[PDB]
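Before any questions on how it binds or moves, here is one chain, the form deposited in one PDB entry, in structure tokens.
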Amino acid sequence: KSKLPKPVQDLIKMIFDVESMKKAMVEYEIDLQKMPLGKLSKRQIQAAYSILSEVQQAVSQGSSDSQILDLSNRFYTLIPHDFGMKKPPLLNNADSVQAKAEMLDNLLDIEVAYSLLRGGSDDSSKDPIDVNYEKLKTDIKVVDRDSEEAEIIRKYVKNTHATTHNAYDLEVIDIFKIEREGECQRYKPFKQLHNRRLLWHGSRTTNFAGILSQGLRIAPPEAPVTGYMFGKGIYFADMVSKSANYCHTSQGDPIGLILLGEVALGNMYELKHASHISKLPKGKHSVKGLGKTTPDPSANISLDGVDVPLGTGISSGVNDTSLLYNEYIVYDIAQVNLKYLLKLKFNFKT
């Protein structure tokens, strides 16, 4: 029977729940009868990535729209869906390709979690919570609610909830201090880079067994670079509600998980519109998507030598931008050092 703190036990139970994995796939309208969770495979997901890349190439290189029709149907054969009586969305425009790329990103970490679960060694004299905790290769400690860490983090949550994201209120349930094995050594070449910032990264709960196991990762080479607004990198935000929207919580599942990561941004290539890149020009270390609203810079606080942009939202004065709020993208996984994991309750306004 596990000795782990009860909040950590609840976390392990949440991120390894198999039925949550199936619910996520059903939410995507994937046919569970034809393609069960156990038949989901990494090379199958990579093959689906390549079809999206084929669609990307066929659209831009001026091929037949007829081929694009066939590539779309091939995607729905490779990944069986079940839209009941409705017509499955056609894969012929960037809008549809980006939605399927997002779906494959989620399937990729679901496969990592399920394979983690069904692998390794097993011992019936051990609590499955203890076994699954050790499979994450991550030290997880509860942050004291009255500590100054929690104070700064709660202030960060309190001040950076955008007015536009008015559908819900956020309530911090647990603050976890996490150390992924090996990630600190991997981050060492970037530890002294300038412009280090503590930024948010939200994701579906079904992704976090893979995120704690493997870290935040760049989409595989088969993934289409045009499937993501700023290409294939790791995305962060400085508004907690922007990243909280990527938790994709609902009134049925109102508990979300959000990361605080130390990100070495260096020289930021500042952009106002989409730019589908996989690498940066020499002398640039990150992309900053310029939003119309930014945390007030005069209110930046230092936490363990890292900037925390917890200022309240003010106009950035940035002219023509497709972004309401800022985005930060790095294109090297060694530029990220995950520090905290928050468990939030979404209180939806009605």
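C-alpha atoms forming the largest set that superposes within 1.5 Å between two forms make up the rigid core. Residue indices: 1-based, along the sequence shown.
Just so it is clear, the following notes concern the form deposited in another entry, a form of the same protein that is not shown.
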property	result
Out of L170, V225, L193, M268, the residue that alone shifts its CA by 2 Å or more between this form and the one not shown when the rigid core is the reference	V225
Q67 C-alpha relocation of at least 2 Å between this form and the one not shown, rigid core basis	yes
Core fit, then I79 C-alpha moves 2 Å or more between this form and the one not shown	yes
Core-aligned C-alpha movement of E102 between this form and the one not shown reaching 2 Å	yes
